[PDB]
Structures are given as structure tokens and as C-alpha cells.
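Undergrad: Can you read through this structure? Questions will come right after.
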Amino acid sequence: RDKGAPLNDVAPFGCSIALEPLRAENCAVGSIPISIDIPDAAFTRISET
Amino acid sequence: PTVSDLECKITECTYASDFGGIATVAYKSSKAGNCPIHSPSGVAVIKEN
């Protein structure tokens with residue numbers, strides 16, 4: 001009752017919190033260099049579209 | 001069929017070995033039927049005779 005406020009109410013760059021694995025969910029900040037290897041079967045050949 | 005007054009264009013040319021290069025051809029025939037094809041230049045090798 002003379003504490004400070006919670007990090008899910010004072011954090012920056014947009015986070016939420018849990019007493020669970022101690023995650024800080026959904027922190028929207030910056031970029032992520034993401035790269036995928038699609039299954040070639042999922043491709044449609046060009047001569048059909 | 002005489003096919004002239006046509007048009008040809010690649011649509012997805014694959015700079016490659018397997019027959020990845022494709023090209024639509026705006027065929028402008030007189031009769032209707034078969035039409036043998038070939039590139040007299042050796043640049044292009046075609047899967048369809």
C-alpha cells in the first residue's frame with residue numbers, strides 16, 4: 001500500500017505480463033528478420049494462374 | 001492453319017536448364033488444328049514439338 005506501480009502498467013514499448021513463465025507478452029518494438037522455406041508442393045506453377 | 005498476325009511473349013522465363021521458361025502466344029490461325037513448333041535459333045530449347 002506504499003508500493004510502486006506495475007510493469008504491466010508502467011512498461012515502455014507495449015508489453016503485458018504474467019506470473020506464469022515470466023513472459024512479457026506482445027512487446028511491439030522493432031523488426032524481426034524472418035525467413036521461410038515454403039513447401040514447393042504448395043506452389044502453383046506459373047502456367048496455371 | 002496459317003498462324004500469322006500472332007503475338008508471342010514470355011510470362012515467367014526461368015533462366016535455367018529444366019524447361020522453366022514459358023511464353024503465351026496469341027495464336028492467330030486460319031484453320032484449326034496442329035502446328036509444329038521450333039526455335040531455329042539454338043538459344044531456346046522447347047519441350048513441345
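FYI, nothing fancy with the C-alpha cells labels: chains A, B, ... in order, residues from 1 per chain, ligands from 1 as they appear.
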For chain B, list the residues within 10 Å of chain A, counting only C-alpha atoms, and write the list as a VMD selection string.
TA: chain B and resid 11 to 13 20 to 24
Undergrad: Env of segment 34-44 of chain B: 12 Å cut, atoms = only C-alpha atoms, seq-sep filter 4 positions within chain, self excluded. Answer as a PyMOL selection string.
TA: chain B and resi 1-4+10+13-23+25+27-30+48-49
Undergrad: As a PyMOL selection string, please: the residues near residue 15 of chain A (cut-off 9 Å, only C-alpha atoms, same-chain neighbours under 3 positions excluded).
TA: chain A and resi 7-9+11-12+24-28
Undergrad: Kindly export the residues of the current selection with N, CA, C and O atoms, as a short mmCIF file (atom, residue, chain, number, x, y, z; two decimals), in the first residue's frame.
TA:
```cif
data_model
loop_
_atom_site.label_atom_id
_atom_site.label_comp_id
_atom_site.auth_asym_id
_atom_site.auth_seq_id
_atom_site.Cartn_x
_atom_site.Cartn_y
_atom_site.Cartn_z
N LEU A 7 4.72 -3.10 -13.86
CA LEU A 7 5.35 -3.02 -15.15
C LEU A 7 4.36 -3.28 -16.27
O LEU A 7 4.54 -2.77 -17.38
N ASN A 8 3.29 -4.02 -15.99
CA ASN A 8 2.18 -4.09 -16.94
C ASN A 8 1.30 -2.85 -16.89
O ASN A 8 0.27 -2.81 -17.56
N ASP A 9 1.70 -1.84 -16.11
CA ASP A 9 1.09 -0.53 -16.12
C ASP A 9 2.10 0.61 -16.24
O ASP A 9 1.67 1.77 -16.29
N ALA A 11 5.44 -0.14 -18.08
CA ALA A 11 6.50 -0.50 -19.01
C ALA A 11 6.51 0.42 -20.22
O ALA A 11 5.51 1.08 -20.51
N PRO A 12 7.62 0.47 -20.95
CA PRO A 12 7.58 1.01 -22.31
C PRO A 12 7.32 -0.01 -23.40
O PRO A 12 7.19 -1.21 -23.14
N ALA A 24 6.80 -11.52 -20.98
CA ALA A 24 6.31 -10.17 -21.16
C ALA A 24 5.70 -10.13 -22.56
O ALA A 24 6.39 -9.86 -23.54
N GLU A 25 4.40 -10.41 -22.64
CA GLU A 25 3.76 -10.65 -23.91
C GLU A 25 3.77 -9.41 -24.80
O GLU A 25 3.77 -8.28 -24.32
N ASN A 26 3.78 -9.66 -26.10
CA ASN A 26 3.23 -8.75 -27.10
C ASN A 26 4.00 -7.44 -27.15
O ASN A 26 3.43 -6.40 -27.50
N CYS A 27 5.29 -7.48 -26.85
CA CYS A 27 6.13 -6.30 -26.84
C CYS A 27 6.38 -5.85 -28.27
O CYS A 27 7.26 -6.37 -28.96
N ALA A 28 5.59 -4.89 -28.72
CA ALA A 28 5.68 -4.37 -30.08
C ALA A 28 6.82 -3.37 -30.15
O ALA A 28 6.68 -2.22 -29.74
#
```
Undergrad: Out of chain A, which residues get strand (DSSP E) from DSSP, as a list in words?
TA: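 In chain A, DSSP puts these residues in strand (DSSP E): residues 16, 17, 24 and 25 of chain A.
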Undergrad: If DSSP is run on the backbone, what residues of chain A are helix (DSSP H, G or I)? A reply as a list in words would be ideal.
TA: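 Answer for chain A, restricted to helix (DSSP H, G or I): residues 7, 8, 9, 10, 40, 41, 42, 46, 47 and 48 of chain A.
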Undergrad: Could those residues be written to a file, using N, CA, C and O atoms, as a CSV table (one decimal), in the first residue's frame?
TA:
```
chain,number,residue,atom,x,y,z
A,7,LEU,N,4.7,-3.1,-13.9
A,7,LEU,CA,5.3,-3.0,-15.2
A,7,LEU,C,4.4,-3.3,-16.3
A,7,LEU,O,4.5,-2.8,-17.4
A,8,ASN,N,3.3,-4.0,-16.0
A,8,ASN,CA,2.2,-4.1,-16.9
A,8,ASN,C,1.3,-2.8,-16.9
A,8,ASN,O,0.3,-2.8,-17.6
A,9,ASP,N,1.7,-1.8,-16.1
A,9,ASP,CA,1.1,-0.5,-16.1
A,9,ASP,C,2.1,0.6,-16.2
A,9,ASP,O,1.7,1.8,-16.3
A,10,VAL,N,3.4,0.3,-16.3
A,10,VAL,CA,4.4,1.4,-16.5
A,10,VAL,C,5.5,1.0,-17.5
A,10,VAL,O,6.4,1.9,-17.7
A,40,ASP,N,7.5,-26.7,-51.7
A,40,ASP,CA,7.4,-26.4,-53.1
A,40,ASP,C,6.1,-27.0,-53.7
A,40,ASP,O,5.6,-26.6,-54.7
A,41,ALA,N,5.6,-28.1,-53.0
A,41,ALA,CA,4.3,-28.6,-53.4
A,41,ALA,C,3.2,-27.6,-53.3
A,41,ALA,O,2.3,-27.6,-54.1
A,42,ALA,N,3.3,-26.7,-52.3
A,42,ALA,CA,2.2,-25.7,-52.1
A,42,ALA,C,2.2,-24.7,-53.3
A,42,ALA,O,1.2,-24.1,-53.5
A,46,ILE,N,3.5,-21.5,-62.8
A,46,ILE,CA,3.1,-20.1,-63.3
A,46,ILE,C,2.1,-20.3,-64.4
A,46,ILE,O,1.3,-19.4,-64.7
A,47,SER,N,2.2,-21.4,-65.2
A,47,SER,CA,1.4,-21.5,-66.4
A,47,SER,C,-0.1,-21.9,-66.1
A,47,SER,O,-0.8,-22.3,-67.0
A,48,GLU,N,-0.5,-21.8,-64.8
A,48,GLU,CA,-1.9,-22.2,-64.4
A,48,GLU,C,-2.7,-21.1,-63.8
A,48,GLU,O,-3.9,-21.2,-63.8
```
